[PDB]
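K.L.:
Experimental coordinates follow, after the sequence.
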Amino acid sequence: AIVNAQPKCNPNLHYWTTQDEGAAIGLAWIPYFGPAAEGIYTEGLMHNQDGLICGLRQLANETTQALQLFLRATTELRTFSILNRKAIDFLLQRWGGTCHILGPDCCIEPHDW
Amino acid sequence: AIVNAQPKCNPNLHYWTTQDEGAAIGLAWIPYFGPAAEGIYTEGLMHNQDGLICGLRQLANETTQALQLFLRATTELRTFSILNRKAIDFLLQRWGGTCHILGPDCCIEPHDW
Amino acid sequence: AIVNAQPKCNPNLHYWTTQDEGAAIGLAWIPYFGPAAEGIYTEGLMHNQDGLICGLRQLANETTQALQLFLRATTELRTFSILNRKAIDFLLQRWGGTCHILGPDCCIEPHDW
Amino acid sequence: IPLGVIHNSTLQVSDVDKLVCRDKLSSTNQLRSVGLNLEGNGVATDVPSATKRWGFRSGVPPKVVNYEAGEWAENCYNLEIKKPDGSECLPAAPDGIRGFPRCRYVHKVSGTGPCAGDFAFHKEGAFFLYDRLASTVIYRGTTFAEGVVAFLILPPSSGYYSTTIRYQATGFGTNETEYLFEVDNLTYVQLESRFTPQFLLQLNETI
Amino acid sequence: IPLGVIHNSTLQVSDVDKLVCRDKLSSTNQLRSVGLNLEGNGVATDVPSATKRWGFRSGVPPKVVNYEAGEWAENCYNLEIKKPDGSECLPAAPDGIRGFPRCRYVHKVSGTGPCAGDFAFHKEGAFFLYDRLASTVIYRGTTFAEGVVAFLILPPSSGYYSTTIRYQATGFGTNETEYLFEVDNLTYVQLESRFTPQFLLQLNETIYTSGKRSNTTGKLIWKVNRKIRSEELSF
Amino acid sequence: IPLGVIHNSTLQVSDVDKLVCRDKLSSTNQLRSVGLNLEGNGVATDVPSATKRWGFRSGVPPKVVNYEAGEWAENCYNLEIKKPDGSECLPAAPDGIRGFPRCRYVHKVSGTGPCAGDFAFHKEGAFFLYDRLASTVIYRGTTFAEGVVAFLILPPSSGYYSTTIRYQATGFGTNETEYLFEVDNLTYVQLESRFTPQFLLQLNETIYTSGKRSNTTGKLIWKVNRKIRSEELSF
Amino acid sequence: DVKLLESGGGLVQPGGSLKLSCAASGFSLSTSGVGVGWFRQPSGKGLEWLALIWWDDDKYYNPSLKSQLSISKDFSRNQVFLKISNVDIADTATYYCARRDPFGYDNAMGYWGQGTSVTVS
Amino acid sequence: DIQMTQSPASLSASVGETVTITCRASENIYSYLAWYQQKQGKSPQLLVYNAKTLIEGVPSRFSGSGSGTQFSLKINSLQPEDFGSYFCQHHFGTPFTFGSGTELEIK
Amino acid sequence: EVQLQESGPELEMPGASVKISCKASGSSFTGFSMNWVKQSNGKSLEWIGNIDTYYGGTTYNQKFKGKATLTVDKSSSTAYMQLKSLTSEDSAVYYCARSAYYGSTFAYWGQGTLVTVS
């Protein structure tokens, strides 16, 4: 539940990704037969459904304060990971609390009879 | 339960590893007193017990497609990691589903009383 | 409950860290307006409460063997990670075991009556 | 470093006291760190304004960060600038660094001047976006792209062939620098303000 | 990317929608990424066939991947080849690269030819195995160790000193390319086909013994078929 | 690799067969790999003893490891040493390496000798601590910061301006190696034993004052022991 | 039948240096074991050896002149070259490039370039 | 141990007749199966391996078949030199159990 | 500056369909993904739909009955909407005006064209 950036947000995100699910032919998979480097990219355009794009811009804006402070503290040159660490902390924050049924964790199902 | 490769699989896994468990002396541990660079390697032999090698060769063959497609998607130059992420997804696939007893998860023990 | 180093131990850890809680100004956050590189360091002096420091020195001493043996086994040049893996194995040893109440896991809460 | 969870039609910051399973992190591929174009905030595209947004400072060594891809940029920049004594200015991009894939108007600068600083730095702290690695510093050569990274939890030749406007610089590292568009081996057009890359492109009606 | 679980005496692919806990990942050390020798698939080791297996293409930049312990490779290759203008061909190996830990017969090549492409490319998508890093590209110098990689979920001086066969190349990256075995500063033998390193080793029965041994300022190059040795058949 | 867990006011080995949840790993920021100064173990700081602690060996390639924040070092070293033929000795530090953040007395050395080995190596295996990366090898330039690293589970101008004692080396990598303190373009003081940087600092009472201060085109080398100063004992 | 072609300096000052070259217009020089080389005949003198070059990457020099002589080649252009440091009056000579003629057995090189000469003044 | 059997115990055939042999085993081993042939007084020759595939130099007449616990061998247009003893074998680890054996007979 | 172009108003027989056309005054339209809105009989606006200006994908107001045919001709800097099954009660001012989510972009149509039926 966060507020949209106060900059005039661009309503459309024409965007690209490196993702390209599947391999229609194994040759696409083989490096020998691989696409020109720009061919790996795929694209489409986001629309600001539910107001998410401008909120996203604010998300980045706010998040970068913490991010760069962290990056200054890093010792890695190219900081290839982060989200992976976040997945680790997702789990660390999911675990080690007490948890049978009563605790607010482990997605406990209602008791059966 | 996987199909063995249709290549003529070699029946032998004579193999080498960098593993060398333990340190009989601390000098082995000290870099100053360390083994020649190839000396870290140890070796022994495995063979196609229970049909495992040829299934493995096919696994590798199939894996060259999945892996390389992924490698094209990577941004790291030497891709030193992967299995760690797989361990993360082991857990992510095992967790966050609802799970008291009734759900098909958490390896629940029989109930005492 | 481990034994303190048999080296003499200096209890006064005048120390430095890159930690710097908070961000009074966004300028500190911006690399352009950021502190000289050594400015990230902050400092204070540990006192050996509960005897932990001399034990810590022994921990490090023992660790020079455990760590370096591992480092020999590594293939990364600058070995930027490790502790993250340790967190992964904490979770792997904590999860996927059978676990209703009887097993010694999942921090089970007392039963509601 | 907060992340926004996409749920109930809104972004939600990750720092909450419960990791509610209304959304499930079934895999690591729900993780995102997508870049966003600074330009999408209505930020000026003037070539001088880009200079106005760059710090031109000597400083702590540069870092880059791996990030998820992003929106197309209309405007991005390349730099060949050297110090008046012909010294290189700003580090050359490191191996594996390449220009952002989808800028529609990559701009380029060349020529010399004092070119103050060594790691420049973005004045807003915005990341330079080089392909999949965001940066704290401007790299020579390859396209910069300005932007910021968002971290969120998930529940054809023209695409790169577009690009216009390369120019000379008179001086560098200051906003006193003159930028002159080069056409037909002629150096003209100060690019001072309010000129879209297409506004500039139509000026070739004089060639 | 599938991994194979070892269970009930067989491998099982991990890309399924159910994680059965009959197998438990108690630690990260049950994971493996082991390299496999491509040769273990019955793949030919002829030096010409090796050339036939590589793409010889300029292309998207090369990548390598860290991989696990695994079977010895009987045949592997080293390369000094350069383009006809004497320019370097194929990138030099990256820092920390060394030849595969156990190749028994590393085949080394030298000489020049067109050496098409910049990154070669294994045609099978197979990875060259340099030490602990699998590769999409051929690197100069160090041993190629062609192979494939699989991921798993687990429940004497000759070991490095063995290695034979070095030869000249005429042309490169095309199937018109010729390879000539060289011993005792004598270049000889196009290697036909089906010659084991040991077959070639047997040709050293001619070194300072059975024939050969040019009597001139330098080597004469016999053309392989005494019939094989092709003595006095250098032209 | 075991980690010490801080619990019940004591360290405990993490490598146990039960992960008791009395300690909760709520986040990755409870993880630690903190560096420790080798000097805090009562280890000698004599410049010759430092030489005595290094292996001076050619060998398997160097590695460094990322580590956590930790204590100030009183003594650390910088090196310009080269082989007797003026060849570089010891690799230059790798990019992004800088000297340890807080050594108070970084010693520096210059001059040449055989400078045996490639990476030197610490004889105890202690890590050199460059900035935030521990090392198995001595790098040229940047501060050595000898130290050790522990892994544990958690539940103003002088900060960089301090630094003393620079000296020449006579030979390198051997017991016969000698070092001489230099001040005011004067080379004196073998640093033979038991001389703190501060012991040496008070000897600047001699600069243009209490003895020393040559009346000639250059320095004469006094021996460390006026008795200490070895005034007029240069030869 | 190979159109080996001579190249070299014109009159030069003594104490200078000279680069010489040749090319095989009639032949690719792609056969393994092709050998080419140089020799000179100052003043009507016999075949003084200068160099041997193999397309197998082998090089040889006449040791008496080797201190001032360097071999180079360029397969893409079928080229061979010599660089001569310190050319002076003792180096004036007729010169030839040469190639194996029976080819590949007992040397026999045998085959000749057009012939060139170098003088100083 | 995996148990293995073969039938018919013998198979008479005219020359050029197409014939088949079948075999069975106590457990499904994911098709690590093999067949052999010999003339009396001669060593067995591997004919088939991995259920459905042939050893080089084996005639096209031969064909591997089946999987798991059930498998067969067929020889199209049988030739006089092919009359002989036959075997089956387990290739999924050890012991490498063999089939009970069969033999061709001439009509 | 952005302007949108259309033909003058017209009257049609009932059951008519009309291919409404809109043309951009410049290149900015390529990122616009233009919106259509309507004023039936001078009524406060109803959103009608939109067309992506780069890919031609469309969305529509499900409250607008029979939706509309929606097409794009990026090469002509033009886009279209088609009215369906028209009746006199469907007379409306038809806008190809673009109702941007934000002030960062905008477009509007001042042509004043109205389709009517009789």
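P.N.:
Received the coordinates, thanks. Residues are numbered from 1 along each chain as shown, chains lettered A, B, ... in the order given.

K.L.:
The residue sitting nearest the centre point of chain G bridge partners, please.
P.N.:
By C-alpha atoms, centre = their mean, the mean C-alpha position of chain G lies nearest to residue G:38, the distance being 2.9 Å. Counting by DSSP bridges, residue G:38 is bridged to residue G:51, residue G:97.

K.L.:
ok, what's across the strand from the closest residue to chain A within chain H?
P.N.:
Proximity of chain H to chain A (C-beta to the nearest C-beta) peaks at residue H:53, 22.2 Å away. Heads up, the C-betas are built off the backbone N, CA and C, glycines and all. Partner residues in beta bridges with residue H:53, using DSSP bridges, are residue H:49.

K.L.:
ok so, going back, which residues are in contact with the residue nearest to the centre of chain G?
P.N.:
With contacts defined as C-beta atoms under 8 Å, 6 or more residues apart in numbering or on different chains, residue G:38 is in contact with G:20, G:49-51, G:80, G:82, G:95-98.

K.L.:
swap in residue A:64?
P.N.:
Contacts of residue A:64 were listed using C-beta under 8 Å, 6+ apart, and they are D:125-127, D:148-149.

K.L.:
wait, doesn't the residue of chain H closest to chain A sit right on residue H:64?
P.N.:
Yes: using C-beta atoms under 8 Å, residue H:53 is in contact with residue H:64, at 5.5 Å.

K.L.:
Neighbour count for those two, which is higher?
P.N.:
The residue with more neighbours, out of residue H:53 and residue H:64, is residue H:64; 21 against 16, by other C-beta atoms under 10 Å in any protein chain shown.

K.L.:
tell me the centre residue of the chain?
P.N.:
Reading this off chain A. Note on chain A: the residue nearest the mean C-alpha position is residue A:83, at 7.2 Å, using C-alpha atoms, centre = their mean.

K.L.:
try chain H instead
P.N.:
With distances taken as C-alpha atoms, centre = their mean, chain H has residue H:35 as the residue nearest its mean C-alpha position (3.7 Å).

K.L.:
gap between that residue and chain G?
P.N.:
48 Å (C-beta to the nearest C-beta, to the nearest Å).

K.L.:
I'd guess that residue is in a strand, am I close?
P.N.:
Yes: for residue H:35, which was evaluated using DSSP: H, G, I helix; E, B strand; the rest coil, the result is membership in a strand.

K.L.:
bridging residues for it?
P.N.:
residue H:48, residue H:88.

K.L.:
How about the contacts made by the residue of chain G found nearest chain H?
P.N.:
With distances taken as C-beta to the nearest C-beta, chain G approaches chain H most closely at residue G:32, which sits 33.7 Å away. With C-beta under 8 Å, 6+ apart as the criterion, the residues that contact residue G:32 are E:111, E:168, E:170, E:178, E:180, E:187, E:221, G:55-56.

K.L.:
neighbours of residue D:5, just the number please.
P.N.:
Neighbour count of residue D:5, defined by other C-beta under 10 Å: 22.

K.L.:
which other residues reach the strand or helix carrying it?
P.N.:
Residue D:5 is part of strand D:4-7, with elements assigned from DSSP states H and E. The contact list for strand D:4-7, computed with C-beta under 8 Å, 6+ apart, reads A:2, A:52, A:55-56, A:59, A:63, D:11-14, D:22-23, D:150-155.

K.L.:
Stretch D:197-207 too?
P.N.:
With C-beta under 8 Å, 6+ apart as the test, stretch D:197-207 has contacts from D:74-75, D:104-105, D:107, D:164-165, D:181, D:183-184, D:189, D:191, I:27.

K.L.:
And the residue of chain I closest to chain C?
P.N.:
Using C-beta to the nearest C-beta, the single residue of chain I nearest to chain C is residue I:104, 23.4 Å away.

K.L.:
how near is the residue of chain G at minimum distance from chain C to residue G:51?
P.N.:
With C-beta to the nearest C-beta as the measure, the residue in chain G that lies nearest chain C is residue G:57; the distance is 34.4 Å. Relative to residue G:51, residue G:57 is positioned 14 Å away (C-beta to C-beta, to the nearest Å).

K.L.:
higher neighbour count, the two?
P.N.:
Neighbours around residue G:57 and residue G:51, counted as other C-beta under 10 Å, are more numerous at residue G:51. The numbers are 23 against 15.

K.L.:
The more buried one reaches residue G:64, doesn't it?
P.N.:
No: with contact defined as C-beta under 8 Å, residue G:51 and residue G:64 do not form a contacting pair (12.0 Å).

K.L.:
Can you name the residues bridging to residue H:4?
P.N.:
In this entry, residue H:4 is beta-bridged to residue H:25, by DSSP bridges.

K.L.:
list the contacts for it?
P.N.:
Under the criterion of C-beta under 8 Å, 6+ apart, the contact list for residue H:4 reads H:23-26, H:88-90, H:97-100.

K.L.:
For chain I, what lies in contact range of chain A?
P.N.:
Where chain I comes near chain A, counting by C-beta under 8 Å from any C-beta of the partner chain, the residues are I:31-33, I:52, I:54-55, I:57, I:59, I:100-105.

K.L.:
Show me just the buried residues among those residues.
P.N.:
For the residues of chain I next to chain A, burial is judged from neighbour counts taken by 16 or more other C-beta atoms under 10 Å in any protein chain shown, and it is met by I:31-33, I:52, I:54, I:59, I:100-102, I:104-105.

K.L.:
So the residue nearest to the centre of chain G versus residue G:49, what's the distance?
P.N.:
For residue G:38, the distance to residue G:49 (C-beta to C-beta) stands at 8 Å.
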